[PDB]
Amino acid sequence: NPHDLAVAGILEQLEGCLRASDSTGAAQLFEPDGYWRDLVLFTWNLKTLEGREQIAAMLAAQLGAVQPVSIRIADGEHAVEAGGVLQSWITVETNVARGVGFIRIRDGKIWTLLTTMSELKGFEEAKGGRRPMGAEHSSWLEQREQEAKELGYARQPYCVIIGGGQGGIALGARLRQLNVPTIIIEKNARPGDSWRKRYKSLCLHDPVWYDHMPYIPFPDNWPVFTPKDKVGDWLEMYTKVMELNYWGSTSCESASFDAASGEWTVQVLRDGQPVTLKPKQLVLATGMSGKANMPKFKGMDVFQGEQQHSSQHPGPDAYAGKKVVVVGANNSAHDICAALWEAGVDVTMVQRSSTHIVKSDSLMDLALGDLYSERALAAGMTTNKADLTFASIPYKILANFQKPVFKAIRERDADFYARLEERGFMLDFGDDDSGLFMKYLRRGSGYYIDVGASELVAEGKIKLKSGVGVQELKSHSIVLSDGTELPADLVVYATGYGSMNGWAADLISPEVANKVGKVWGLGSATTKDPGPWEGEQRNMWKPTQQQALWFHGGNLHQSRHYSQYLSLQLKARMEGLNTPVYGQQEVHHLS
């Protein structure tokens, strides 16, 4: 291929500079403002180097310790040319690891480079050609019962994960494949209960092609949008067959770290019994959403009806013939209001701030179609290549990729949007018009994927009062800042959640929560994501300022992909490897 020669020569110069510990020379091969996003392989971190000077500074600090380095076109792949961009899958090696990557080249200059870590040399996963035999040509069940009785009691785990939802289960499967002895702590009774507990009608709003767990993808006949209990069944059965050590009915009560011994002391209550676990690494996988935001409205003590945060709302059944006011317009607000109307309960939504609304069909086609769809698969974009393609766009410029996508969504769904506005609903498209994904990555909230509620709003079936605040709650009403008085038997506060940092404050200490800082967000200086720029998700899947404390989570996509780089970092430290973190992120917000 005519492009293979072009890309391979650029890669050879890069390879030459990297072997020579020539940081400046390597950076000169990039565009002046080019990007190098590294996932563990060079930085022992999740780090995006922006521009030649940052690129050179990383290479000057890391190259001496990783030699010899190779980088070349990936086996079986070829370079392609689109829109003036030369791109190719690549393979990259250090002295202790290998990985795949992706490179984009323009006018002979590296525009973007992705390096990732796939495996640690000598600790490769027993997959494919390396499969365990299973049988020798003490039984398999006996050994499992041995591990169930000894791990966490007579013998301590290397790693403890708090939280057995989708995120901890995926991370646990990955850790199991790396022989990192691990216990998952889950206060629910069974795996999958994290999803069973939602409202009757809930389904995933992300599509199947985007949603796979590691190792066992959903089958070709699995539904596009999975009902909440069908997810539960899958997670429970995934947990069994991937041989996880999963302590259900077990609450984590407290944890602390002793830098002297390098050990945590984690106090749990397993079916009522106190147990003390002493792992070397602690992972919080308690959900990206932390502590509920409770408003401080005048007269909340005067109101004689029920007040619930959206997280304490059981559903519409108890409220036939009653009147509900939902304070909020996020997706929790839309879910709760659509259920109350389907049940024939009087519901009013009170919106103070704008919301980004996207029709499910439009999100699936225009925003996910290129990477996660039947069309994507037929074109060869496998789930792994999709994850790596998305990861290869530096967060700095992703909004630029996204803007045309969500402009097309507005033109397609314009009539839908007009009717929402004519009704008085406050629309936005992210602070910079870059859309749903960027809001999710920046603030983890502020959007609703419409599966039926927005039409109920446009048609007036869900009553809307927007543009107003709450003045006070009276004895049987809530009074809005324009003077409107809404009678209310039940007030639901759909006011969101703080960051995961609240989990650390509640389980470790507020002092440790302060060391760690706000979790999630990019530092984009937009709503609920204050600057300055950090360029990677705050405290996710990477070293934190609290030693041996980690955060895992995200949506099913991010949990699938970044559980790989988190587990490889946990494994590397279990093997006593040298892991010199570059550019460890300084804390700019205590929450």
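In this text, residue numbers run from 1 along the sequence as written.
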property	result
Deposited but uncoordinated residues in the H137/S138 interval	4 to 9
Stretch exceeding the other in mean C-alpha B-factor - 302 to 310, 172 to 180	302 to 310
Mean C-alpha temperature factor, higher of 431 to 439 and 472 to 480	472 to 480
Given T116, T239, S509, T112, the residue at which the Cα B factor reaches its maximum	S509
Selection from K230, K200, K396, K121 [criterion: highest C-alpha temperature factor in the record]	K200
Modelled-residue ranking by C-alpha temperature factor, third containing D206	lowest
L570 by Cα B-factor - lowest, middle or highest third of the modelled chain	lowest
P219, C-alpha B-factor rank within chain (lowest, middle or highest third)	lowest
Where the record places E81 (Cα B-factor, split into thirds across the chain)	highest
Where the record places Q547 (Cα B-factor, split into thirds across the chain)	middle
